[PDB]
Each structure stands twice: as C-alpha cells, then as structure tokens.
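# Coordinate analysis (summary)
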Protein chains: 2
Amino acid sequence: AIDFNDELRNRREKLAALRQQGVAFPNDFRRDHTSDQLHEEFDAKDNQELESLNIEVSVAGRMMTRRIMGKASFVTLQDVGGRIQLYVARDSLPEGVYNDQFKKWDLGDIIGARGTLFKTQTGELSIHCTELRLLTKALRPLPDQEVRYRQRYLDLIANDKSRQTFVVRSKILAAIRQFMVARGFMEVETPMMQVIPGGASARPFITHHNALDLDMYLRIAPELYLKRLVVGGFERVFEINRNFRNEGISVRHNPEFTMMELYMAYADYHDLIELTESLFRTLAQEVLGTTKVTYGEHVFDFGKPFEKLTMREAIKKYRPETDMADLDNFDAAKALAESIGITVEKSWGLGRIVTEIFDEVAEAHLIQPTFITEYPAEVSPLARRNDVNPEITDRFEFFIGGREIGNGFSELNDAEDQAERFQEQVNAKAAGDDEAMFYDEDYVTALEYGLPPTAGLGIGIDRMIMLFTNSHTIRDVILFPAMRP
Amino acid sequence: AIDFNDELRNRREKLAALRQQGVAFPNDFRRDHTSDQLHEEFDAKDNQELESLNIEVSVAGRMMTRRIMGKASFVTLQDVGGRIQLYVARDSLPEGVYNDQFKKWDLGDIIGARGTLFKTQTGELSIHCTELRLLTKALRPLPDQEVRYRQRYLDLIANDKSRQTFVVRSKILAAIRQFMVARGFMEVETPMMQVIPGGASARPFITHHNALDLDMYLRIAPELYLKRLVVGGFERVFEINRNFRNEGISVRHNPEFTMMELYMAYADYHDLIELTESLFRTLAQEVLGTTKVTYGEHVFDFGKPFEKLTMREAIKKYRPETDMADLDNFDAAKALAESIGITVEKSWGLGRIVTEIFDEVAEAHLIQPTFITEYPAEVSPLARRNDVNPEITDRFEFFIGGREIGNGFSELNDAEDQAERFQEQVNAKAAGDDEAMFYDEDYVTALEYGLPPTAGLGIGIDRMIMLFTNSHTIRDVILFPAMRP
Ligand SMILES: Nc1ncnc2c1ncn2[C@@H]1O[C@H](COP(=O)(O)OP(=O)(O)OP(=O)(O)O)[C@@H](O)[C@H]1O
Ligand SMILES: Nc1ncnc2c1ncn2[C@@H]1O[C@H](COP(=O)(O)OP(=O)(O)OP(=O)(O)O)[C@@H](O)[C@H]1O
Ligand SMILES: N[C@@H](CCCC[NH3+])C(=O)O
Ligand SMILES: N[C@@H](CCCC[NH3+])C(=O)O
Ligand SMILES: [Mn+2]
Ligand SMILES: [Mn+2]
Ligand SMILES: [Mn+2]
Ligand SMILES: [Mn+2]
Ligand SMILES: [Mn+2]
Ligand SMILES: [Mn+2]
C-alpha cells in the first residue's frame, strides 16, 4: 500500500544523490550487441568453446531481475531483442562499483554492461561483467486491463506476448510492401486533408485551415485520388496509410485505422480475388511459417481457396426460412429488414435494405475466409456495373473471423454514370443519409479524360493483423488505440 | 476556340454510338507487358533476330499519337512504363476493325493491342498488331501553370519529367526503409489524432470526435509517442508519415507533409550526424547513381562531410558586423533582432531571440549541406541539456539549399527537467505563444519509468525529395499539394 510510495521516495533520494555527484543522466555508453544477437550466435556453444573464444561484448537495457548473493550477483537484462544474463562480481568490476553503485540501483533502472561471454551451470548464455554502469535511474518501479492501452509502454515492458504482436505487425507490413512491389505496384502518398471527402460512406472528421479560412475533412479513404493517378498513368499504385472516420470505438473499429488501397489497370475483381488469396497465403507462410493459422478456436487454411458466395446466397444460408422473393420487393424487404431489428431510414432503397439484411444476417457467420459478391449498385457508387444485371456491381468484400477484412471491385470508369451516381448520393444526403458521398466534379472530369478499365482493392490492415497474431480486439494490434477520456 | 467544343461533342457522339452497340466500357482485355519491359529486353535485337524470335505480346495504354497513311497507320502507345510503337494495318487486324473502329478512335483513348515484335526502319521497337481494341473512350482531348497541381493527372499524362520526379520519390522512400531496416530499426505507426498535441511547436488543426464528444488535434509530430515506445523497449524505431500544421502554404511548406522520425537508444546527436551523412550518401549513390547531385545552379557532394557550425558561428559568418556580445544581453539581442526586422514577442526570452536572429540572418545562406549545432534550451523543450552549458542543448538542425531539411538531438530523459520545461511552455502560451507546447503529464510519467539515453532525428521527406529531383518548390514533389480555393 504505502510500500509503493516508499519505492518512489527511495528512487527520488537516490537520484538526488546522483545529481550531487554530477550529471545524473549521461549519454555516453555504447553497446555493440543486443540479446537476440548473442543468443543466435552463441547459444549453441558450450563453456569450453566460449572460454577459448574469449568474446567480449557490450549490452544495455533494463534491469529486470537482480539476485544479490554477497560478493556476486545475477541479473536479467532486457533489451530490444529480449533478455540476457549478467554475472556481476565485486572483484570483476572496478573498485567500489559493485558496492557503492550496483547494489544501490533498482529494478527498472536502465544499465549498461561490458564483459566476456560464457555459459552458466544451467547452460544459459551469460556475460561475466568487467564494467557496469547506471544509464537512467527509474523513478517508478517496474509495472482495469485498460492500463495496457492507456500506458502501452508498461505493457511492452511487462508482456512479451504483446511485444511479439507488434513486432509481427511490422513484419507483416514489410512483407506486404515486398509482395506488392514484386508485382510492379508503386507506393504513393495522397492527401489526408481533403476539401471534399469521398471514396467511401462514412461520417468524416472536420477541421479548419486558418490560413485559407477553409473548412476541411480528414480523409475517409484515398480512393478518388488513387484513381486520378491511374488516369495519369500510374497504372499499378498502392497506398498503405491512415483513414479517419467519425464513428464510435469498438472491438474492430478505431477512429483512425490503417488501410491499404491498391489499383491495377487492365484487371477486374476476379484478379483481385486471386491477389487477395495469394497475399494471405504468402503472408502466413512467410511470417508465421505455415499456411494454417490458429485464431481463437478456429484454424484458417490460407493454403486453400476462400469460400465464395453471392450476397443473397449468404443471406439464404444463414436465415434459411427467408423467402428470397422478399428481397425483390421494397415493401417486403423493408418489412423483412425491420423484423430482424434493422431501422430502415427514409433514404434507403431496396439495394441498401438487402445489404443491411446481409450485414445483420450473415456477416458474423463468415468465420472461414469468405468472399461475398454481387453488391447492389445503390451501395456501390464507385463500382463498375455488372454487364447482365445493372442493379448489382462487379464488387465483393471478404470476411474472416466474422469480420470484414477487405472491399474490392472492378472500378467505374464511365464518367456519365459516375456523375449520376454522385447525384443520387447527393439526393440521399438531402434525404437524411449523413454518410452519403459528396459530389466531386473534378473526379468526374478526371474520368472524362479516361480511366483505363481497372480493379481496386481496400484491405483493413489492423483487422488483418488481428488474424495473424490471434488478437480478438483491434485494440491489441494498434500501439496507441483510441480510448475514452 | 470552338474547336475544343467540337472535340467534346464528337467524343460524346462516338460514345453514344458505343452505347448502342452494347457495353461501352468493357473490362476484359489483358496485357502481359509494359513498354519499359519490351525496350529493356528487345531494344538490343535487330529485325533479323526479332523476326526469327517471332515474339507476340499484349500491351495497353493511352493513344498519344496516330498517323493514318491509308491502309497502314503508326501509333504511339503510352503506358505506366513509357511509350512503345504500334504498327496498325487494315489487313493485319480482323476484318472491319481497322476502318470501322480504329479510325474512329481519338488521341487520349485507352486502347489495347496484341502483336508481334519487330524493329522499324528507324530502328525503333514496334508491335505489328494482329488485334486492337478500344478499352476506354476519352471524352476530353489530351491536355496558369497551377493547373499542373489542380489536375495532377493531366500533368502526369503530359510531362514525363513530372512522372520521373514521383517515381524517384517512391524509390527514395523505399531506399530509406531499406537503409533503416538494415540498421535494425523497426517501423511503427503512432496516432495521428491526439488529445494533447506535442513533439514540436506549431499551430495544430483541431477537430471533434462526436462519439466521445471530444475535441482532438491532428498530430504536429509523433515524437512523444515514439519515445514512449523506446521506454517500452523498442529501442530502434522509426515512423515515416504525415504531420499536420495549421500554417500557410509556401514554396517549402504544405499544411500536411511527410516526415521521418527515428530514435535509437544508447546514442547521442553525433551518431545522428553520421547516420544523416550516410543516408544522403547512400540515397544519392543508390538512387541517382552518383554522390554529386546537381540542384539548381549548385552541386552537392554527398560524398564529403556536411559543413558544421554552431548557431552563433553561422550568425557571425553571415552578419560579420554583429557584436556577438549582443547575443548575451536580452535588451541588446532584442534590439539587434528588431533592427533586422524581427518582431519580438513578449513571451520570447534570449534563447528564442538568438534563434530567430539565426533564422533571419543565416538560414538562407546554408546552401551546401550544413549542420547547425548548439540550439538554446528555450527553443528545445524536449532536448538533452548540454553538460557544460545548461543554456544550450545537444541538438542540431541541418540545411541544404537554404532550407531546413532535418532536426535532431540527444533526447531529454530527465523527467523532472522535462516537467519543468513543459511548465515553462505553458507559461509561454499564457504569455501569448500560440505555438508553445501543451503539458503532457502521461509523457512525464513515461519518462519516470525510465527512458534510455537516446538520440532522435526528424527529416522532412518532401524537402529531401526536392534535392534529389532538382525541384525548387515543394509543390513539385507532393502529388496533390494543398491549393488556394
Ligand atoms: N473503424 C475502423 N477501424 C478499423 N478498420 C476499419 C474501420 N472501418 C473500416 N475498416 C476497414 O476498412 C475497410 C474498407 O472500408 P469500408 O468502408 O469497406 O469499411 P466498412 O464496411 O464500413 O467496415 P465495417 O463493415 O467493418 O464497419 C473495411 O473492409 C475494414 O477492413
Ligand atoms: N509545412 C511544412 N512542410 C514541409 N516540411 C515541413 C513543414 N514544416 C516542417 N517541415 C519539415 O519537418 C522538419 C521537422 O519539423 P520542424 O518543427 O523542425 O520544422 P520547422 O523548423 O518549423 O520548419 P521551417 O523552419 O522550415 O519552417 C523540418 O526540419 C522540415 O524539414
Ligand atoms: N475505398 C474503399 C476500398 C477500395 C474499394 C475499391 N475501389 C473503402 O474505403 O472501403
Ligand atoms: N519532433 C521534431 C523532430 C525530432 C526531433 C528529435 N527528437 C520535429 O517535429 O521537428
Ligand atoms: Mn462501418
Ligand atoms: Mn461492411
Ligand atoms: Mn465495406
Ligand atoms: Mn516552420
Ligand atoms: Mn526552423
Ligand atoms: Mn526546426
């Protein structure tokens, strides 16, 4: 109880003493190895080899454990690569260091050491220190379950599983770039501040640029800019960056999230389906070492094709008692939708209602990697219209673990059609839809110069990271998740 | 004059005719080569080889030029890789295609072709078409000098020099990541939305999160979050992403810009100076093929050390008549500063005034790569204090071409000191400084758990791209620069 406050007092008093001796916070010690490197290279050698090899190394990190056994002590040092053992002896270090310094330090303190490698009796790699210093005094002792997100630094210091998740996240992004670049895609950077937001249907965050006295929006998606680049000639482009949506926090929603959008000219959604399946198979293999991934109580085989259903088949499959003819009549669909709890807004049309039914009925059940095709035109203002049925577009979305992971389609390169769909969106907004798109005249103009037939795909990177790290909340894969005040 | 309006009418009428025939905008043609690939592999072969090789290929792109010479025509097709010649003959293509289709197309139209490779009389690589289709009808004919930025797609279609600049930008970013990863740095993603902005001194953009009824700011810098990660154990981290500052547009300022911040524990600013010099030498060599870079009327030798001066030496060197003792007296410095046009604010102290004098006096003259050291503590609230002179910090900034390219320093890991400097910043804001930092209690707490001695560096990526593409305005290296309404 008060033992924590005495820890704080003791640390402040120890620091006060450092201040009297000179510069309490130096920046001089230099290491030449991290724990992971030492283990990788020497774990395999026995004390005989290490003895004859007589290798001296320098490390630095946090003092996680210390066991003082008189004139000798054993310490666990934790650095960016992991942990390494230190053997600290009074007569191995310079005079007075052991008793006047080392013993006065505290767990959590950042220290630096230089010594010779050897293996303990237990067979562990250890460093027989010949030099040891205090680099940074820790004024606070080593660390709801919301603290993990409120003070991510404590979570990273304490939980190796959490560290691993974020290291894997970095590995995945690097692997995605390598995968895309290998296919001739070029990474670009489009605006995050837009006067006219678009590319998706969402409530945007709004701000003000004083210099131009201009109201602006944080981008909800880079889609319209990326397609402008394809018109410009960058026929294989991708962007992996933040999107912002003014909506509430959830187990799979963060106000700002990372997404990858890619566009490849002279391709259709079928090509995106193949790319998606290859990306997941490649990432699982390259990053996890296997194509079979364990997530919760399930196993995803990214080595076999994703399942594929139309939106209606998914609805019929998860609500078998559904009279499919109901989805063809506005009144029947509206009634059906409401019967299952969906509040049908005045602006909604049949296509929107059917899509909403799909969300309510099937989304949660798409556990194994699944592609859902035939999205209604009403909810896809930027997607290419299907050749045989104009009411649907050549678009799909894919789900894994009951969550939507991606969205893709053959792009709409028909300027006149696009302008009309933008007008419908404007009417919708006027009829109450706060997520309807804004009319973008310059985008239409770009399409008039000519956009090659193209296929674009958007993938939620955070949602994807969850599947590769067995995380069941998006808050576990975002270093600093948005939190309630 | 009206000839443009007849171009528009003619294109709309041609499209109307396509609509009557069926689906005007197909998405079916697939290519297997881009122009750059064809040239790289076959430019070196003469017509004899190509003839015996009998290679058939498929390409797609924009029809840039067409010369109809009766039953045969010559076309320049432009794709993502560049341009390739097409040989279009009535009797080489399927019946009626040449006369009923090909001749009706327009420059700018997106087309697809399949044919055999050969070399023209002029010795150019060309494709003797056996199949040719119209993929996308262009409703507008091929393209102040502000249009380039207002409709970047037209600029990319028209100017190859502009395309090259952006391709090089992508190459540079990829090269930076490779450089950093080679040094054990791990790329992370920190928040772009922050309740308390910090890490720099700037006017932020503010927005509102409806869900939490919480006012938030677009990040002006990720610094405070990145250092939290170093405390957490990610001792070598970097982030390359957008920053937002509520300030006016300029030749070197965009409201949103890309920056790289990197932090490496157990290092000081001297280590950052070496890293900076190696990064520029590596990028110039790897990307431009030489360490000597031509920019405007100058040549930068990234093969030799950057010049290095203290802030005072730079001031003395560019305003030789300066009585250096003036920089040691608030009144003299204030008078000096005002005499050269600087409006001294009530909140400013000596350190701030001297820094402002440096900006006015020397910044523009630092043409060759230069490091400026000894930044006053007043203008460096997050930097490590110098051991011998507490009034200055172990920080530097570097300039190239009269513009600031980077900012780095040994990080402040003294929690008590940091808290105090935050308080001074709060007082400053209360005294009128609208760019002063906000007090960040959680950041101070993170430092209390212990931040290893660290060196951090921030580099303006757009400013850096300018130097490698001979661009003299930041608007030439950002795909969609911020523009006045
Ligand atoms: N708030 C969010 N947090 C994290 N990822 C998100 C969020 N919103 C959307 N995404 C991801 O971005 C992708 C593309 O955006 P899209 O507009 O399709 O999302 P969405 O369908 O609105 O998402 P959901 O159905 O999960 O609410 C989604 O497929 C999803 O993976
Ligand atoms: N508006 C901007 N547009 C582009 N790059 C910028 C902008 N503001 C700052 N930078 C870059 O970000 C780096 C780090 O931010 P910093 O706060 O040091 O900039 P700054 O000193 O305010 O810039 P300047 O002196 O050029 O106005 C700068 O060194 C510069 O390269
Ligand atoms: N912009 C879409 C993803 C890309 C769709 C294909 N053009 C979204 O935000 O969901
Ligand atoms: N945050 C600084 C760059 C990093 C400084 C070193 N900690 C800036 O915005 O200029
Ligand atoms: Mn949503
Ligand atoms: Mn959805
Ligand atoms: Mn969706
Ligand atoms: Mn500035
Ligand atoms: Mn500056
Ligand atoms: Mn600066």
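Sequence order as written determines residue numbers, which begin from 1 on each chain and need not coincide with the entry numbering; residues that lack coordinates are not included. Following the order in which they are written, the chains are lettered starting with A and the ligands numbered starting with 1. Derived side-chain values reflect all non-hydrogen atoms in the structure, with water molecules and hydrogen atoms excluded from consideration. Residues with missing side-chain atoms are left out of burial classes, side-chain pairs and their counts.

## A word on the sheet that holds strand 3 (residues 82-89) of chain B
One key point about sheets: their strands pair by backbone hydrogen bonds, in either a parallel or an antiparallel sense. All names here are of chain B. Stated precisely, the cut-off is as follows: By definition, two strands form a pair when at least two bridges between them are found by DSSP. Strands here mean DSSP runs of E at least two residues long; helices mean DSSP runs of H or I at least four residues long; both are numbered from the N terminus. As a rule, the C-alpha atoms of each element are fitted with a line to give its axis, helices using only the stretch in contact, and angles between N-to-C directions run from 0 to 180 degrees. Contacts are assigned to residue pairs with any non-hydrogen atoms lying within 4.5 Å of each other.
Ordered in space as 1-2-3-5-4, the five strands form a closed barrel in which the pairing is mixed. Strand-to-strand twist of the sheet, defined as the mean angle between neighbouring strand axes without regard to direction, takes the value 55 degrees. Judged from the ten bridges that link them, strand 4 (residues 110-119) and strand 5 (residues 125-136) form a sheet pairing that is antiparallel. Residue pairing across strands places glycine 112 opposite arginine 133, the latter belonging to strand 5. Relative to the sheet, helix 2 (residues 35-42) contacts strand 1 (56-68), strand 2 (72-79), strand 3, strand 4 and strand 5, its axis offset from that of strand 3 by approximately 85 degrees.

## So, the site of ligand 1
Residue and element names in this part refer to chain A. For the record, the criterion: Any residue with a non-hydrogen atom lying within 4 Å of a molecule or strand is treated as near it. Pairs of N or O atoms within 3.5 Å make up the polar contacts considered here, provided that, within protein, one atom can donate a hydrogen while the other can accept it, and that residues adjacent in sequence are counted only when both atoms are side-chain atoms. Using the Shrake-Rupley algorithm and a 1.4 Å probe, accessible areas are obtained, with residue cover drawn only from the displayed protein chains. Residues are sorted three ways: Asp, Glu, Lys and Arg are charged, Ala, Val, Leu, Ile, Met, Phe, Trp, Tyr, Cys and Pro are nonpolar, and all the rest, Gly among them, are polar.
As a matter of local geometry, ligand 1 sits amid 16 residues, with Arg245, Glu247, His253, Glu404 and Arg463 nearest to it. At a separation of 2.8 Å, an oxygen atom of ligand 1 approaches a polar side-chain atom of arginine 245. Relative to its free-state accessible area of 590 Å², ligand 1 is covered by the protein chains to the extent of 84%. Mapped onto the shell around ligand 1, the elements with two or more residues apiece are strand 11 (256-265) and strand 17 (403-410). At four residues, the largest contribution of residues to the shell around ligand 1 is made by strand 17. Of the residues contributing to the shell around ligand 1, the split by class is four nonpolar, five polar and seven charged.

## Quick notes on the interface of chain B and chain A
In plain terms, the rule: Buried area: the accessible surface (1.4 Å probe) lost by two parts on joining, summed over both. By convention in these notes, a salt bridge is any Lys or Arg side-chain nitrogen within 4 Å of a carboxyl oxygen on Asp or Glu.
Between chain B and chain A, the residue contacts involve 99 residues of the former and 99 residues of the latter. Buried area between chain B and chain A, summed over both chains or domains, comes out near 8,600 Å², and the portion from carbon and sulfur atoms is 56%. Between A:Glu416 and B:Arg19 there is a salt bridge whose closest N-O contact spans 3.1 Å. The tally of links between chain B and chain A comes to 55 residue pairs in polar contact. Considering every element that reaches the side of chain B that touches chain A, the biggest residue donor is helix 7 (residues 160-182) of chain B, with seven residues.

## Concerning the relation of the copies chain B and chain A
Where we set the bar: Between copies, superposition is a least-squares fit restricted to the C-alpha atoms.
When chain B is fitted onto chain A, the two copies agree to an RMSD of 0.0 Å after a turn of 180 degrees and an axial shift of 0.0 Å. Taken together, these values place the two copies in the relation of a two-fold axis. In terms of C-alpha distance to the rotation axis, chain B has B:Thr207 as its closest residue, with the C-alpha 2.4 Å off the axis. Most of the interface of chain B is mirrored in chain A, where 100% of its interface residues are also at the interface.

## Remarks on the UniProt feature "binding site: Mg(2+) 1" in chain A
Residue and element names in this part refer to chain A. Test applied: UniProt positions are given in the numbering used here, feature names are shortened, and annotations may be inferred rather than shown by experiment. Throughout, exposure labels follow a simple rule: accessible area from a 1.4 Å probe, protein chains only, divided by the maximum for the residue type, with under 20% read as buried, over 50% as exposed, and the rest as partly exposed.
In the UniProt entry, the feature "binding site: Mg(2+) 1" is given for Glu397 and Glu404. In this fold, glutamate 397 is placed in strand 16 (residues 392-400). With a relative accessible area of 6%, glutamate 397 lands in the buried category. Along the chain, the position of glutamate 404 falls in strand 17. Since its relative accessible area comes to 25%, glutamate 404 is described here as partly exposed. Each residue touching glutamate 404, except ones within four places of it in the same chain, is listed here: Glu363, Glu397, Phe398, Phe399 and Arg463.

## Notes on the packing of helix 13 (residues 415-430) of chain B against helix 14 (residues 441-450) of chain B
Residue and element names in this part refer to chain B. The condition that has to hold: Roughly parallel means an angle under 35 degrees; roughly antiparallel means over 145; roughly perpendicular covers 65 to 115; every other angle is labelled oblique. Crossing handedness follows the turn of the near helix against the far one: under a right angle anticlockwise gives a left-handed crossing, and clockwise gives a right-handed one.
Between helix 13 and helix 14, the least distance of the axes is 9 Å, while the angle of their chain directions is 165 degrees. The pairing of helix 13 with helix 14 is recorded here as roughly antiparallel in orientation. The element helix 13 and its partner helix 14 pack so that their crossing is right-handed. Facing helix 13, whose interface residues are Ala415, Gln418, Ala419 and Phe422, helix 14 presents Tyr443, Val444, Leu447 and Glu448. For the contact of helix 13 with helix 14, the class distribution of residues is six nonpolar, one polar and one charged.

## Regarding the pairing of strand 3 of chain B
Residue and element names in this part refer to chain B. Taken across its eight residues, strand 3 has six buried, putting it largely inside the fold. Pairing of strand 2 with strand 3 involves eight bridges; the strand directions are antiparallel. Pairing of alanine 72 across the sheet is with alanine 89, part of strand 3. The hairpin formed by strand 2 and strand 3 contains two residues between the paired strands. The sheet contact formed by strand 3 and strand 5 spans three bridges and is parallel.

## Considering the sheet that holds strand 16 of chain A
Residues and elements named next belong to chain A. Read across the sheet, eight strands follow the order 6-10-11-18-17-16-15-14 without closing on themselves; strand pairing throughout is mixed. Taken across any chain shown, the strands that pair with only one partner, and hence form the sheet edges, are strand 6 (186-187) and strand 14 (307-310). By the bridge criterion, seven bridges tie strand 11 to strand 18 (residues 454-460) in an arrangement that is antiparallel. If you follow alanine 265 over to strand 18, its bridge partner there is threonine 454. Helix-sheet contacts for helix 15 (residues 461-468) involve strand 10 (236-244), strand 11, strand 16, strand 17 and strand 18, and the interaxial angle to strand 18 is about 60 degrees.

## Description of the pattern of salt bridges
Opposite charge on two side chains makes pairing possible when the charged atoms of those side chains draw close. If you walk through the whole model with that rule in mind, you get 92 salt bridges over all chains. Where B:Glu187 meets A:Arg177, a salt bridge forms, and the shortest distance between an N and an O atom there is 3.9 Å. With B:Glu187 in strand 6 (residues 186-187) and A:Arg177 in helix 7 (residues 160-182), this pair bridges two chains. For B:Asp387, the salt bridge is made with B:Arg384, and the minimal N-O distance between the two is 3.0 Å. What you see here is one network of salt bridges that share partners, running through A:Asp28, A:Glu56, A:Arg114, A:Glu131 and A:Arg133.

## Description of the domain arrangement of chain A
All names here are of chain A. Note the threshold: What fixes the domain bounds is an automatic or database domain assignment.
By the assigned domains, chain A splits into domain 1 (4-143) and domain 2 (144-484). Computed from C-alpha coordinates alone, the two centres of domain 1 and domain 2 are separated by 48 Å. If you look at the interface, domain 1 gives eight residues, while domain 2 gives four residues. In this assembly, domain 1 packs against domain 2 so that about 420 Å² is buried in total across both faces, 57% of it on carbon and sulfur atoms. When the buried surface of domain 1 facing domain 2 is broken down by residue, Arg62, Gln78 and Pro143 rank first, second and third, together holding 75% of it. Counting the contacts that link domain 1 with domain 2 gives zero salt bridges. Counting across the domain 1 and domain 2 interface gives two residue pairs in polar contact. Elements with a contribution of two residues or more to the side of domain 1 that touches domain 2: strand 1 (56-68) and strand 2 (72-79).

## Quick notes on the packing of helix 9 (residues 269-288) of chain A against helix 15 of chain A
Pairs of packed helices are described in terms of their axes, by the angle between the two and the distance that separates them. Residues and elements named next belong to chain A. Contact geometry of helix 9 with helix 15 gives a least axis separation of 11 Å together with a crossing angle of 50 degrees. The angle between the axes of helix 9 and helix 15 places the two elements in the oblique class. Viewed along their axes, helix 9 and helix 15 form a crossing whose handedness is right-handed. Mapping the contact onto sequence places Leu279, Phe280, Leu283, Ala284 and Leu288 in helix 9 and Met464, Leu467 and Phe468 in helix 15. In terms of residue class, the contact of helix 9 with helix 15 is built from eight nonpolar, no polar and no charged.

## Focus: the site of ligand 4
Residue and element names in this part refer to chain B. As a structural note, the neighbourhood of ligand 4 is formed by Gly199, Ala200, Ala221, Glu223, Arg245, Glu261, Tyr263, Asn407, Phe409, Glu411, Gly456 and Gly458. Interatomic distance of 2.7 Å between a side-chain N/O atom of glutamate 223 and a nitrogen atom of ligand 4. Here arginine 245 contributes a side-chain N or O atom positioned 3.2 Å from an oxygen atom of ligand 4. For ligand 4, whose free accessible area comes to 320 Å², the fraction covered by protein is 93%. Where the shell around ligand 4 is concerned, the elements lending two or more residues are strand 11 (256-265), strand 17 (403-410) and strand 18 (454-460). In terms of residue class, the shell around ligand 4 is made up of four nonpolar, four polar and four charged.

## Some remarks on the side chain of A:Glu256
Summarising the element assignment, A:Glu256 is placed in strand 11. A distance of 2.7 Å separates a polar atom in the side chain of A:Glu256 from a polar atom in the side chain of A:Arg242. Once residues within four sequence positions are removed from consideration, A:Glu256 is found in contact with A:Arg242, A:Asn243, A:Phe244, A:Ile478, B:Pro191, B:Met192 and B:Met193.

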